[PDB]
């Protein structure tokens, strides 16, 4: 179990160690053979090395089995040419490992239904994993242009693009509740038709997973009316962007959300929140998203599903008994982490 740790900026060093504290505790209890090294990345690497993703770090993620990544960026580096912005270092990283699926889960932890914008009865039991295609579709499609008179962009998908990301959805589903909803616009668009027939054909190799197709306008409505009905959702790039963002508001606190990216190379697991530099070093940063990034790593990078679930329960419980300040509580980074470990035992 070889993990490259890229702490990043702002609160990154704090919350990433909070996750390492949890990974070490499991390493000890279960003998996971955890071996990790920490590399420079983001703003700190610019300051130290002159660039956000220096060669030792690139080398280090190349050799690792998973990357645990803290937060990156901050006003400190907003004034840079974007060949060396923190943002661009993030892109090279995911590009260097050819990560073509983005995994974004939204989950209303029991007893935290009050945070939801949804009525308590609808928020309860929500646990949806959106699988977003990352590399293709309209964000990248040609031809594209703009005129005095008109502009155009092309939503375009090749079979292989549709095939990869569908395979990761089915394998993810295998680890959860084995239901996949593929989302398209097959009733109006060729691309929708092509996506659907392709995912239907891919699904034949996964007899143990249930497959269902929905239109993007309908899935949008289901995510507000009955979001507890979903397990894994897979869709193209722009749809998956909208539906990820829509699903992310359901729990009522963005600081709680982890994120993974999978592909041919070394997978990247990171919290969705930012650096929050203002509080860097105060010891109050909520480590929840980082710890749940580590659980995502166990599940998706190493297949240790039962441990990922053990970690997720420890934080569900910790969130109730020692809520961090941004859930109205007074638990600093360390006190919260300690509560998690208590339940890990």
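Numbering follows the first chain given and starts at 1.
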Mean C-alpha temperature factor, higher of 281-289 and 306-314
306-314
Selected stretch [higher average CA B-factor]: 241-249 or 142-150:
142-150
Options 198, 235, 102, 85 - largest CA temperature factor per the record:
85
Out of 165, 129, 260, 72, which residue has the highest Cα temperature factor in the PDB record?
72
Split into thirds by Cα B-factor across the chain's modelled residues, where does residue 60 land: lowest, middle or highest?
lowest
Per the entry's values, where does residue 41 land by CA temperature factor relative to the rest of its chain, in the lowest, middle or highest third?
lowest
Sorting the chain's modelled residues by C-alpha B-factor, tell me whether residue 205 ends up in the lowest, middle or highest third.
lowest
Consider only the C-alpha atoms of the modelled residues in this chain, order them by B-factor as the entry records it, and name the third containing residue 187: lowest, middle or highest.
highest
Looking at the temperature factor on the CA atom of residue 214, which third of the chain's modelled residues does it land in?
middle
